[PDB]
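Shown next, in structure tokens, is the structure this report addresses.
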Amino acid sequence: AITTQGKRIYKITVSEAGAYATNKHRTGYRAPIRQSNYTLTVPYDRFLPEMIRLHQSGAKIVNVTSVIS
Amino acid sequence: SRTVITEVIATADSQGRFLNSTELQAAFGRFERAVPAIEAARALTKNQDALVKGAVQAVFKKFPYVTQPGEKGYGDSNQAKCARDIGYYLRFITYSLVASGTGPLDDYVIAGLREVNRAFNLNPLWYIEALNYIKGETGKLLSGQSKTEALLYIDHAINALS
Amino acid sequence: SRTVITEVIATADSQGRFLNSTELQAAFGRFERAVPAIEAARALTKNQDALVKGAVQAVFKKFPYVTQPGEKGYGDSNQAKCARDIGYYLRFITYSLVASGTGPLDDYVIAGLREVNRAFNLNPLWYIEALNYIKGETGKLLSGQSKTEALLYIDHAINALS
Amino acid sequence: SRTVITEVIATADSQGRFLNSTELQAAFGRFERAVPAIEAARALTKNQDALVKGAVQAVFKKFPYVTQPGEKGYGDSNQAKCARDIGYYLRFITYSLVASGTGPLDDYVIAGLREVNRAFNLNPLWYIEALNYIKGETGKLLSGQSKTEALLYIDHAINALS
Amino acid sequence: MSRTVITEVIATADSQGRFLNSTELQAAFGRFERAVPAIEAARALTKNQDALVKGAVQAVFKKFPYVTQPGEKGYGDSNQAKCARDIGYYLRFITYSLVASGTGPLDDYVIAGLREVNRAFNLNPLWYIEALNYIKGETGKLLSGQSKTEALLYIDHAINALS
Amino acid sequence: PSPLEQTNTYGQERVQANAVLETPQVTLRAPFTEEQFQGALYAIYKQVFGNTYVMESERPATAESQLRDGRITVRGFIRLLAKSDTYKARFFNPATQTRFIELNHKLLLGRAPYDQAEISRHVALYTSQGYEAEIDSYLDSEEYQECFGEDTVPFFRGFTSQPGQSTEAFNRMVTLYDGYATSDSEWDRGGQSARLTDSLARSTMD
Amino acid sequence: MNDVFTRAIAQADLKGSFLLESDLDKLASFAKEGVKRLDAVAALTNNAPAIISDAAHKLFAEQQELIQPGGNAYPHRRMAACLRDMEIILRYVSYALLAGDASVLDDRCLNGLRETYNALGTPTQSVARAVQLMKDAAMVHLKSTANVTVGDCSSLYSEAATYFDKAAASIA
Amino acid sequence: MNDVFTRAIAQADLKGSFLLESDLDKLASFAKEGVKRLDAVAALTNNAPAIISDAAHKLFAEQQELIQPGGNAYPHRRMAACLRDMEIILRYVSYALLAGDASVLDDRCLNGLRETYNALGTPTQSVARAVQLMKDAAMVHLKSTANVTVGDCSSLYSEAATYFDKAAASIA
Amino acid sequence: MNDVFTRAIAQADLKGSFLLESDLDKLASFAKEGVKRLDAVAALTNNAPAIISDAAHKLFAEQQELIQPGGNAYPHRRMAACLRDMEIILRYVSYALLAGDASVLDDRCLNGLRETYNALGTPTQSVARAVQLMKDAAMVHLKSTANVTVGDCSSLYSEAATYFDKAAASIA
Ligand SMILES: CCC1=C(C)/C(=C/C2=NC(=C\c3[nH]c(/C=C4/NC(=O)[C@H](C)[C@H]4CC)c(C)c3CCC(=O)O)/C(CCC(=O)O)=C2C)NC1=O
Ligand SMILES: CCC1=C(C)/C(=C/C2=NC(=C\c3[nH]c(/C=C4/NC(=O)[C@H](C)[C@H]4CC)c(C)c3CCC(=O)O)/C(CCC(=O)O)=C2C)NC1=O
Ligand SMILES: CCC1=C(C)/C(=C/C2=NC(=C\c3[nH]c(/C=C4\NC(=O)[C@H](C)[C@H]4CC)c(C)c3CCC(=O)O)/C(CCC(=O)O)=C2C)NC1=O
Ligand SMILES: CCC1=C(C)/C(=C/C2=NC(=C\c3[nH]c(/C=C4\NC(=O)[C@H](C)[C@H]4CC)c(C)c3CCC(=O)O)/C(CCC(=O)O)=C2C)NC1=O
Ligand SMILES: CCC1=C(C)/C(=C/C2=NC(=C\c3[nH]c(/C=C4\NC(=O)[C@H](C)[C@H]4CC)c(C)c3CCC(=O)O)/C(CCC(=O)O)=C2C)NC1=O
Ligand SMILES: CCC1=C(C)/C(=C/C2=NC(=C\c3[nH]c(/C=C4\NC(=O)[C@H](C)[C@H]4CC)c(C)c3CCC(=O)O)/C(CCC(=O)O)=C2C)NC1=O
Ligand SMILES: CCC1=C(C)/C(=C/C2=NC(=C\c3[nH]c(/C=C4\NC(=O)[C@H](C)[C@H]4CC)c(C)c3CCC(=O)O)/C(CCC(=O)O)=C2C)NC1=O
Ligand SMILES: CCC1=C(C)/C(=C/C2=NC(=C\c3[nH]c(/C=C4\NC(=O)[C@H](C)[C@H]4CC)c(C)c3CCC(=O)O)/C(CCC(=O)O)=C2C)NC1=O
Ligand SMILES: CCC1=C(C)/C(=C/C2=NC(=C\c3[nH]c(/C=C4\NC(=O)[C@H](C)[C@H]4CC)c(C)c3CCC(=O)O)/C(CCC(=O)O)=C2C)NC1=O
Ligand SMILES: CCC1=C(C)/C(=C/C2=NC(=C\c3[nH]c(/C=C4\NC(=O)[C@H](C)[C@H]4CC)c(C)c3CCC(=O)O)/C(CCC(=O)O)=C2C)NC1=O
């Protein structure tokens with residue numbers, strides 16, 4: 001985090017894809033329904049768990065942008 | 001800002017379920033309280049200027065050592081700001097009465113209150129005394145119910161300011 | 001249990017605040033509508049036997065096929081337990097009227113009714129036409145606001161069964 | 001409390017790792033800066049009574065009206081409480097200088113002071129004036145490193161007050 | 001708290017708040033049918049343990065000649081006894097994982113926390129890697145049919161863990 | 001009726017947690033004002049800090065301001081809360097690591113630990129990758145993610161059966177919660193001693 | 001956590017009979033008295049800073065050790081906790097008042113406060129005296145009839161007194 | 001948890017020896033009967049709702065005080081929790097049957113039920129009667145030969161009976 | 001959590017009076033020798049892998065009951081936990097040495113470790129023996145004066161040995 005390699009936070013735009021919604025229905029609505037598209041800001045170190053978890057959830061990454069560098 | 005039906009909307013959307021009775025009786029509560037607040041708003045619209053001026057004179061009264069030269073009460077533009085402040089507070093009070101809720105009052109004055117108060121040496125007790133005096137004259141200005149909910153709403157404004 | 005009074009007190013406790021206007025206006029609403037609600041509950045408690053037994057008869061008339069030997073509705077104990085269940089429902093509708101909230105229904109009969117119903121292959125419809133019988137009578141036994149609100153609560157009962 | 005060595009121990013615990021040259025350098029510099037801070041503690045300790053009396057009378061000079069009857073300052077018990085509070089503050093400032101940090105001061109005055117302020121109407125500006133007088137008074141009681149570090153401690157306390 | 005196919009199935013079913021569907025039954029059937037070659041391999045390895053351990057000792061000696069001279073970690077009669085004991089326990093746990101139809105025994109017994117053991121005892125994995133290399137070389141004839149590959153899978157997983 | 005009377009919620013009040021089961025979860029979804037904001041923060045602070053009262057000076061203004069704008073989810077704000085030094089000072093600093101993990105489970109997951117194997121694994125995780133990784137693991141855990149969601153304030157999900165929860169979780173959290181009045185500061189010696197270790201021990205063997 | 005009607009329903013279902021006409025009459029009377037009870041609750045809510053402040057003043061006048069060095073409330077953090085505990089108990093008492101019965105306190109507020117205060121080292125009798133003076137100040141404010149429909153709320157005053165009394169008893 | 005093969009590996013590790021030939025023999029005996037185990041668990045799972053429903057029928061028939069008001073099944077939410085309890089106990093006994101080692105039932109299920117139902121006020125004797133009724137209802141489908149190859153499985157009957165007896169004596 | 005300076009300030013607050021000039025001089029003397037203490041703890045941390053290696057080797061040479069199956073540290077995971085246990089013990093002893101007070105070691109390793117090991121079944125006397133061996137290796141490594149100015153550090157040696165003594169007495 002504090003490290004120069006820990007910095008360079010990147011923003012992520014996330015779309016709750018159709019496959020994501022189909023998986024969500026079978027798993028169950030334990031979270032409130034929000035509009036499929038939403039934005040998010042993620043540091044470098046926890047950048048990985050974000051798209052990993054989106055991959056098990058079935059969603060796909062719209063794009064990636066860098067806050068720093 | 002919320003009217004009672006506004007938090008009704010918020011909840012009903014939040015659980016993703018239709019309105020049950022309870023919020024509907026709340027809607028009543030609002031409607032049957034609406035009219036007394038309506039003539040309250042009328043009366044306070046009538047009395048505004050005297051309210052402001054008398055409040056200025058009384059806040060000078062109970063705190064005379066701020067009217068002395070060299071502090072906040074001293075200053076022509078200072079007193080003009082006192083007057084405009086009182087006007088704004090009681091106008092938002094009328095707004096809240098019309099809404100039958102504290103919503104506009106909250107999101108228009110209450111947010112960031114304390115830090116503004118000590119960030120400019122504007123004593124909260126000044127506005128506490130001003131609002132208390134306003135209770136003093138509005139006790140006779142309004143009668144019956146309208147007096148009661150006016151008392152309660154400026155009381156809530158004081159409690160947030162206190 | 002679960003009441004508008006209890007909703008107020010919990011939604012003030014979990015945030016640790018003292019009560020302000022909106023919820024106490026809702027309390028006015030509750031305390032004013034208590035009297036029509038409580039007299040409606042009184043009347044319902046006054047006429048229970050006809051309601052329950054005629055509801056059982058109405059279920060038979062709307063489902064003759066459950067009466068014959070060899071199916072689940074057949075049996076003296078089965079009719080006794082009919083009357084028991086419908087009496088419970090009338091019970092809890094009266095309770096909800098008394099509480100001026102749909103709480104006790106939700107706490108007792110609405111919590112988990114689906115899986116217990118499919119546990120014994122119970123058809124919720126049977127109870128729905130029992131409620132239809134009940135609304136048919138309360139269209140006569142009550143008058144206006146008490147009638148309106150009893151109809152409201154029983155309608156919510158079907159809706160939950162729906 | 002939060003001393004430099006204490007926070008180093010805590011952070012070394014955090015990452016589950018031993019100490020390194022950087023934090024030992026921090027402890028080193030703490031050890032050397034202790035000696036001027038130790039002399040500051042001596043100078044403040046030997047002057048504590050004059051410090052307290054001068055601060056109390058400086059606050060009185062700035063706001064003599066507080067001493068008027070019907071106000072917080074009026075009353076021999078009230079003045080004794082003023083002096084006792086200022087003495088507690090000075091003792092905690094000595095503990096801050098000894099501990100080479102704000103740890104004890106933060107924990108033992110700054111934690112939960114504004115609550116009492118609001119409850120008991122104890123204006124921070126009074127203690128701010130007292131600490132400003134202590135600043136001016138230690139400007140001559142201390143010089144060099146000790147004066148600068150005691151000044152930064154007490155103005156940290158002042159900024160926390162405001 | 002071992003992880004075997006049936007135990008993993010049970011844990012998954014308990015986690016999901018449900019009973020066992022078709023896939024769990026099919027997996028149980030597969031494990032039950034594969035147990036017979038695994039038991040065959042376990043018995044065959046049990047028969048010839050001494051040859052395996054001795055050949056592993058001499059293979060470790062021949063691969064790295066720089067060891068068994070005095071003045072280093074591996075030289076010593078107690079060191080030799082520890083070599084024999086370690087290789088014996090390795091083959092013990094390999095047989096256990098063969099019988100369990102899962103790597104859980106090996107994982108929990110040795111692979112759990114092995115690396116800090118090595119770095120606290122200067123034990124580079126390469127010696128035991130060569131030991132298991134000789135072990136698979138010997139078992140290349142010891143077993144037959146399914147049992148051969150059943151042993152191969154678990155021993156290869158153990159080697160990869162050692163890597 | 002029966003000679004022995006069993007009220008509707010009788011189990012809720014005979015067990016120490018009745019209002020806990022009655023108290024609903026709180027979410028922060030759409031733009032809002034200071035009032036229910038302050039309420040939500042008060043609820044969060046009572047939740048995370050085991051009914052330890054946090055001095056008003058200690059709280060972070062920047063984090064709550066960013067949450068107010070909404071750029072950071074409530075999950076991120078909870079991360080920032082846990083990472084704050086006051087969390088360690090109340091919890092991590094005066095208490096042993098087993099007791100620390102028990103407290104961390106009870107607070108940020110609202111449930112008792114399932115088996116001693118979980119405690120052992122999480123102690124190993126802490127030893128191998130520091131303090132902050134344990135909190136990142138809890139708040140990144142799939143169990144929390146599904147049971148609460150991105151916008152849910154943690155609540156005591158014990159006192160209630162959960163999907164795939166150990167039978168001892170109920171007993172441990174009954175022994176561990178012990179009421180609204182229970183505090184877990186550097187005081188009372190109850191937040192320091194690991195009560196749950198004895199119960200976790202019996203689950204290791206059979 | 002139950003109010004008057006909810007608990008009435010509670011033992012009603014416990015006995016397995018319908019709500020008798022007498023109990024309905026009691027509840028209807030309560031609701032008729034409802035606006036007075038709400039008036040008392042509003043009076044409690046309004047004067048909360050005043051009552052907390054002045055009650056603290058009498059407490060710390062009649063005891064000094066709590067503010068003395070090393071006293072059970074000596075640090076500012078501990079003083080603030082000392083005051084907010086009384087604020088919380090007052091808020092819960094007002095909760096019970098509007099709820100008509102003392103269920104809320106026994107349910108959550110005071111079920112296990114005694115062990116907490118032993119563990120914290122707080123003396124119980126001091127807390128009891130603080131609650132008692134809180135009660136006295138609340139009574140004083142409620143007796144005031146300014147800007148309210150005059151009448152007889154003697155039941156309400158006595159009932160809030162019973163609240164505070166059993167709260168102090170639960171402290172012990 | 002700790003299955004039968006896990007149990008064998010556990011004892012082998014504890015005494016530090018290899019598998020004996022008799023150990024491989026008994027584990028092969030377990031391996032060959034796995035088909036019968038699959039049949040048994042399929043029978044239990046498929047008939048589970050019917051079994052639990054009729055078992056609850058005999059339950060509430062035999063003890064009529066539980067259902068009626070003041071009983072622990074009355075408020076009809078407790079009924080839902082009761083059905084959940086029957087299904088979960090049958091679920092863990094099916095788990096234990098599949099694993100062949102009663103460790104999973106003892107640890108994951110029966111460790112805390114005793115204190116749990118003390119804290120819940122449930123008559124535990126009733127729950128023991130319940131699980132006994134479960135085994136009575138389930139042995140029907142157990143000896144059912146519909147749609148499957150016929151064969152004596154007396155060991156499976158006895159093992160299921162012992163599992164249910166363990167559960168009963170546990171909650172007893 | 002608390003060090004010598006914090007502990008002294010705590011006593012000063014307990015009596016409510018300023019720090020005594022004598023105790024201020026004591027703290028000044030402690031700070032003057034702080035460079036020697038920092039050197040001691042640095043010698044601890046560089047030799048910490050060496051200290052733990054030596055202690056583990058000698059303990060395993062003298063005790064063999066753990067390396068065999070059924071030993072408390074027999075599996076790789078168990079003995080790895082053992083190794084990190086001694087590692088953390090030494091780490092907390094070093095932390096106490098930095099602080100000069102045993103409060104932090106009490107807060108971390110000595111509040112409830114005993115019953116923790118009892119539940120785990122860990123024999124405490126083995127832990128105490130490991131503490132003694134680490135203490136011997138540490139006094140050996142710090143009594144050397146490599147690349148650092150020589151001086152009288154017998155006070156630091158005594159303090160570290162006594163910290164190990166309190167740790168050992170706590171565990172066993
Ligand atoms: C769970 C079952 C188990 C395993 C897997 C095991 C391996 C093992 N071998 C050890 C020591 C040892 N092991 C060896 C064997 C070495 N000699 C060399 O030829 C080779 C590199 C290698 C074998 C081919 C030696 C020499 C030592 C002594 C290390 C020392 O004390 O310096 C140790 C450290 C314990 C001690 O020092 O007494 C372990 C844990 N022990 C077990 O109880
Ligand atoms: C912050 C204070 C503190 C520390 C550092 C601590 C260490 C610690 N040791 C543990 C178990 C253990 N501790 C040991 C150590 C034993 N091995 C040998 O045989 C000796 C008899 C002895 C060491 C000389 C072992 C082997 C285990 C694993 C228990 C098992 O799996 O059977 C555990 C719980 C399970 C785990 O983490 O895997 C902890 C937390 N506990 C604390 O409360
Ligand atoms: C809190 C209020 C409450 C509810 C909601 C409730 C649902 C309920 N109704 C029951 C009796 C029952 N009730 C019915 C259905 C009635 N009888 C049939 O003749 C008609 C078709 C129908 C009337 C329209 C049946 C079929 C059972 C028992 C199931 C059985 O024995 O087969 C049972 C016990 C099941 C049994 O004894 O086997 C429950 C849990 N119980 C309650 O105490
Ligand atoms: C950590 C140690 C500690 C301190 C320092 C502390 C301050 C403190 N001073 C108090 C009283 C007081 N404090 C003051 C001092 C202020 N009022 C003004 O008049 C002065 C201009 C100004 C002084 C600069 C006075 C006059 C009183 C008595 C009247 C009152 O309660 O406001 C009180 C209220 C309780 C009481 O004594 O009756 C507190 C909490 N409390 C603590 O636990
Ligand atoms: C953490 C404890 C610490 C502090 C607080 C610190 C400040 C500090 N700056 C110093 C010299 C100085 N400080 C300044 C900066 C100041 N002078 C200029 O007029 C500006 C108005 C102003 C900058 C805003 C300068 C220019 C010097 C002399 C240059 C030199 O360092 O040789 C001195 C030596 C004189 C003395 O004994 O007071 C101190 C202590 N050093 C420390 O180790
Ligand atoms: C890990 C698997 C698991 C088990 C073993 C389990 C037992 C269990 N049953 C419970 C409640 C209950 N359980 C029952 C059922 C019993 N009472 C009646 O007398 C019946 C005869 C009898 C059914 C066998 C009832 C009625 C309750 C509600 C008690 C209350 O709310 O006061 C509870 C409290 C929380 C809840 O589940 O709602 C547990 C933990 N729960 C689990 O998640
Ligand atoms: C559910 C409602 C509720 C209760 C029941 C409650 C009791 C309570 N009192 C606490 C501390 C305290 N409570 C008091 C108050 C008492 N001690 C003094 O001696 C006085 C005699 C007396 C007040 C008049 C004090 C002084 C502390 C400070 C102890 C400490 O936290 O270190 C704490 C720890 C909270 C924290 O700081 O994180 C709790 C939970 N708090 C609540 O939110
Ligand atoms: C939105 C908030 C709101 C409030 C709070 C409010 C007060 C209020 N007080 C009322 C009557 C009353 N109020 C009171 C209570 C007061 N009298 C004395 O006893 C006490 C000093 C004091 C109790 C704290 C009494 C006794 C009555 C007359 C009812 C009766 O005699 O039965 C009524 C009913 C109409 C009336 O008779 O005036 C209202 C609406 N109105 C509002 O719109
Ligand atoms: C997909 C999961 C799966 C299932 C469901 C399964 C059942 C199954 N059981 C079989 C043989 C058998 N199944 C059973 C068990 C049954 N016979 C007994 O009489 C009882 C009624 C009952 C056990 C309580 C028996 C005894 C055999 C004959 C095997 C032998 O010689 O012992 C067979 C081989 C015959 C065929 O394919 O038609 C299957 C497929 N196998 C599977 O892989
Ligand atoms: C990054 C942390 C750090 C280190 C490591 C460090 C080493 C260090 N040790 C010093 C003195 C010293 N260091 C020691 C300690 C050593 N001598 C004894 O023989 C022991 C074997 C051993 C400690 C166990 C002693 C006794 C002195 C002499 C005291 C003095 O010079 O005032 C000095 C002062 C050199 C001088 O005054 O000319 C330094 C810089 N300084 C630091 O800021």
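Chains: A, B, ... in order of the structure tokens. Residues: from 1 per chain. Ligands: from 1, in order shown.
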Nearby polymer residues, ligand 9, at most 10 Å, only C-alpha atoms and all ligand atoms, as a VMD selection string: (chain E and resid 21 to 30 32 to 33) or (chain H and resid 32 to 43 139 141 to 157)
Interface list for chain B, partner chain A, 10 Å threshold, only C-alpha atoms, as number ranges by chain: B: 14-16
Kindly assemble as JSON lines a list of the chain D residues that lie within 6 Å of ligand 5, each paired with its nearest atom pair and their distance in Å to one decimal, using only C-alpha atoms and all ligand atoms, sorted first by chain and then by ascending residue number.
{"residue": "D:144", "atom": "CA", "partner": "ligand 5", "partner_atom_place_in_ligand_line": "37 (O)", "distance": 3.2}
{"residue": "D:145", "atom": "CA", "partner": "ligand 5", "partner_atom_place_in_ligand_line": "37 (O)", "distance": 3.7}
{"residue": "D:148", "atom": "CA", "partner": "ligand 5", "partner_atom_place_in_ligand_line": "5 (C)", "distance": 5.5}
{"residue": "D:149", "atom": "CA", "partner": "ligand 5", "partner_atom_place_in_ligand_line": "5 (C)", "distance": 5.5}
Within-6 Å residues of ligand 2, basis only C-alpha atoms and all ligand atoms, as a ChimeraX atom specification: /F:96-98,120,123-124 /I:66,72-73,78-79,81-82,85,88,108-109,112-113,120,122-123,126-127,130
Cut-off 6 Å, only C-alpha atoms and all ligand atoms, neighbours of ligand 1 as an NGL selection string: (:E and (73-74 or 79 or 82-83 or 86 or 89 or 109-110 or 121 or 123 or 127)) or (:I and (57 or 60 or 67-68 or 74-76))
Distance filter 6 Å around ligand 3, atoms: only C-alpha atoms and all ligand atoms, out as a list in words: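 Within the 6 Å cut-off, the matching residues are residues 59, 73, 78, 79, 81, 82, 85, 88, 108, 109, 120, 122, 126 and 127 of chain C; 57, 60, 74, 75 and 76 of chain H.
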Selection: 7 Å around residue D:131, only C-alpha atoms, excl. self and same-chain fewer than 4 positions, as JSON, numbers by chain: {"D": [127, 135, 154, 158]}
Would you mind exporting C-alpha atoms of the selected residues as a tab-separated table (two decimals), in the first residue's frame?
chain	number	residue	atom	x	y	z
D	127	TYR	CA	-8.15	26.93	28.37
D	135	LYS	CA	3.36	29.63	26.11
D	154	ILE	CA	1.18	23.04	24.20
D	158	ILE	CA	-4.44	24.31	21.87
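Between atom CA of residue E:132 and atom CA of residue E:53 there is a distance of 10.0 Å.
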Which of stretch 65-163 of chain H fall in helix (DSSP H, G or I), as a ChimeraX atom specification: /H:77-99,103-109,113-120,124-143,154-163
